[PDB]
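Shown here is one chain on its own, the form deposited in one PDB entry, set out as structure tokens.
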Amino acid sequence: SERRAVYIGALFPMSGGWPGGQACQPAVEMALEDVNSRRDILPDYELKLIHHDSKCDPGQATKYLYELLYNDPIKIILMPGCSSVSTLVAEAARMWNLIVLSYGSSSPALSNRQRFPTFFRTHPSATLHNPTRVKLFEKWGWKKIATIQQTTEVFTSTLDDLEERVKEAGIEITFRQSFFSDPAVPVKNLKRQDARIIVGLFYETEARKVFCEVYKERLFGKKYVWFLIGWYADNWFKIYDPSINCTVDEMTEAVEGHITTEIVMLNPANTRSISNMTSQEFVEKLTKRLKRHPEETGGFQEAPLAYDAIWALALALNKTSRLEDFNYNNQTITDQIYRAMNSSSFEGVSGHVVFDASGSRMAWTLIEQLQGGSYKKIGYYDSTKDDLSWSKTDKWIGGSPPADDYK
């Protein structure tokens, strides 16, 4: 007998807001070679890739989604990258009975089963920062939390989820402030309302503006703890920006002691996963395929999620094991792949791969603290198993964390 070709319709953002396809397309290519060379996964089938550059643009993606659906061969799965592209393809998908699997979507809105019924993602939702936040609050005994955000859909949705999570934990959100571009008024209000524990959600440019205003208002020190996303560039607060008044020394001072949460995208352990690679081996292998240096390559940090997305699908297709008879007008095979994807449980290069009821990836979070103008790993949190790995590396001026109020 001969192996039947089975096709993935993928969209890779080679440019745009998140040019993640630069490192995610080779990672997918590597993962397909690895799955296809293993006779214990899909011995009857050969997994093939048909792809287009979405440019991280929904309009551009609409042209290629057509090209994927209205040209032979029939695709069994759709693989978009960006949240905007996934929102478009995961909503449209039901009309062609297609599973949608994203390797780079962070948007909390994509975890809506009503609207995105066949959607899965190896990239976790931005809401994954919230259980780690509630756990750090509980450990440090805070029940009164202030929240400051930049006006973006992603940050609004993340704070909406944090509200429902604090309520269950017996914690309350004291004050919620927002800003589009200028954070002068929201930070002044944080001082006025005497906020101590503050969750700040913004991009890098806005983070520099927040922290300049934080210096000027003495909103840093023993009394205050800032909670930020750990996605900023190496010495972000030192980066020259002519729009800000504050100096490097003044800014290194304002950021001192702040906590960050970051989604774990590469297993820190030296263990071997289903491909039998180590996290370090995957990085070395991917670097070789790349024309440019990892620093120059978009989506290098997300590349293990793209690799793991292929294995998740390969293992799901192996459970169902037929595939060549898939048609856009039939729910039968789709519902079977769905059930197999929903029951995913395996070790990947990014760590243990499991999806929640919404189809969103469950992962570890890396907790860090800025100690002397440098981030230091203070721990890791697993939302599913409720287990916190404590490093005993955290430091406070009082010798212990402060309090949420006046005392």
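The first residue of the sequence shown is number 1, and the count goes up from there.
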Deposited but uncoordinated residues in the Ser321/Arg322 interval: 4 to 9
Residue range whose averaged C-alpha B-factor is higher in the record, 60 to 68 or 31 to 39: 31 to 39
Selected stretch [higher average CA B-factor]: 12 to 20 or 385 to 393: 385 to 393
Highest recorded Cα temperature factor - choice among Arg121, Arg94, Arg218, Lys238: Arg218
Member of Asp161, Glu204, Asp194, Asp335 with the greatest C-alpha B factor (per the PDB record): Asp194
Modelled-residue ranking by C-alpha temperature factor, third containing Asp308: lowest
Chain-wide C-alpha B factor ranking for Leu101, given as lowest, middle or highest third: lowest
Relative C-alpha B-factor of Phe116, binned into the chain's lowest, middle or highest third: lowest
Within-chain third of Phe175 by Cα B-factor, per the entry: highest
Chain-wide C-alpha B factor ranking for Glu262, given as lowest, middle or highest third: lowest
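The form deposited in another entry is left out here; the points below concern that form.
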Among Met265, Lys139, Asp382, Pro26, the one marking the hinge of the rigid-body motion between this form and the one not shown: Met265
Closer or farther: C-alpha pair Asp387/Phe346 in the other form, relative to this form, given a change of 3 Å or more: farther
Outcome for the Cα pair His352, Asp387 in the other form, compared with this form (closer or farther; change of 3 Å or more): farther
